[PDB]
Each structure stands twice: as C-alpha cells, then as structure tokens.
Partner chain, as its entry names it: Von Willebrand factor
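The chain below stands alone and is given in structure tokens; this is the form solved without the partner chain.
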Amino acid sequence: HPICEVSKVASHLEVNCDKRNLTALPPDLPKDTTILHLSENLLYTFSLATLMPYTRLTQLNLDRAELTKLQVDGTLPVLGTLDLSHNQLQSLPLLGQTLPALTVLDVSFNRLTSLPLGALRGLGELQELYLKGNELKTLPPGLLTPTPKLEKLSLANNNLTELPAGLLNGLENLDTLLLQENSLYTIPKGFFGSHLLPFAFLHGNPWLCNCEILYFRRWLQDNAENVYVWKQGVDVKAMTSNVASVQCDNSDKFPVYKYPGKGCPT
C-alpha cells in the first residue's frame, strides 16, 4: 500500500509502480489488487509466477521496462490484459498455458522477427493483439486460429511483404485491422472474405498494381468508406476515411481503387 501509489475507486484498486527503478515486484502490494502498472522500471527479467498471490489481478503493465526475458511458470486464471510493449523480447512468449483468460495482449515495439507455430494456442479469449513496431517479415499459417473471438489486430510498422491467404479466416468479430507501414505488395484473393471490416489501415505499403491486385481494388471500392489513415496519438480515428491513401507503390497520385488494370481479366 505504501511503496507505489495505490488508487481506490469502488472495490477493484489500481496500483501504480511506474518510474521507480524497480527490478522486481514490490513485497507490500495490496493482496486484493486488480490493476498493476510497472512501466518504466528495470525488469530485464520477469517471472509471471511471482503474481500467483494476487488472485484478483486482471491487468498488468510491463511496458517500457527494458524487459528481455519473460518467465511463464504457473497460472493467473484471471489475468485478461497484459502490456509488453516497448521492451526487448527477441522471441514472443507462449502464454496459452498461463493466461487462459487473457483478452488483450500487446507486444509492440519489441525485437520480434517472427512468430512460433503455436504462438497463440490456448489464448482463446483474446479480443486484441498488438504487435506493431517489430520486424515481422512473415506470419505463421494458422496464427489466429486459437483466437476466433479476435476484434482488433495490429501488424503495423513491421516489414511484412505478404500475408497468409487465410489469416482472417474465422474471425467474424474483427473490426480493426492495422497493416499500415509494411512492405505489402498484394492481397490474396478473398482475403477479407465477406466479413465487414469497419477499420482497415492499409496505407504506407508499396502495393503492386498488376492484375493480381484487382481483388483488393474491388474490395477497396466496396469498402472505401472503411479505409483510414493512422494518426499517431490516435483520435479514435472515428470519422472520415481516405481510401485514396492505399496506393500503387506508395505514389499519392496513383491510388489503387483507381488502378485501371488495362489488359487484365475480369
């Protein structure tokens, strides 16, 4: 109670242990704790197990903590949100066997260059995945199979050149897809499926406007009302689209939805 700043507000309390040169979990944290901020600390190494005691813990922040190795010992059946952004994890952690109730996981701006074959197994309650800012160049086959309830996915600002044709297969709740600032050249036929994607960010990519981009073109047209441009400091980006932001080779004067496709089949 008297080490970090403990908030209160109706039952579920919030403990802030940020910017406090901590190298590990502080000993006198209230037991019936629910949210823990531990950002801007020196957690070069951290063991999810040391939280076994806080049976009411639902949100944990370990962002901007020079984190390099996350240990996944036992279980925290009630943890739903986990923030790992702005650390140095060279490999993505396997949380399935520990955070069965995790609905949000952010592992942005870390040092990821790929993702394992079972990466998200067990994470069936996931509703949000943030992996923006790494150096992913390719995604695994059924990555999102374990997460059929996914709503938001961020793979922005990586080095992706191609996306799996079925990456979205099954996700009928998906509403936000951020793939901006990558190295994508095309979208596999029927990639978006028939689902309705409200917020799709596809700008900043070197799209190759050849016949094999006519699928994406029609989609762009059908969903021009759903294509937006990212604004850092995000303003909920809830208003005014810009389908002309998706462009051939990133040339502003040659948006994809206006791509002619001269001499292409129907």
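Residue numbers count along the first chain shown, from 1.
This next part talks about the form solved in complex with the partner chain, which is not shown.
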Q. Which one, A119, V104, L136, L79, lies within 4.5 Å of the partner chain in the deposited complex by heavy atoms?
A. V104
(Q) in the deposited complex, does every one of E66, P188 and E212 come within 4.5 Å of the partner chain, counting any heavy atom? (A) no
(Q) Does any part of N226 reach within 4.5 Å of the partner chain in the deposited complex? Heavy atoms only, please. (A) yes
Q.
Test of understanding: in the deposited complex, would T176 fall inside 4.5 Å of the partner chain by heavy atoms?
A. yes
Q) Does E128 reach the partner chain in the deposited complex if we count a contact as any heavy atom within 4.5 Å? A) yes
Q: Consider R56 of the chain shown here, and say whether it contacts the partner chain in the deposited complex, taking contact as heavy atoms within 4.5 Å.
A: no
Q: Select, from the options 96 to 104, 161 to 169, 139 to 147, 69 to 77, the stretch whose residues sit within 4.5 angstroms of the partner chain in the deposited complex by heavy atom distance.
A: 96 to 104
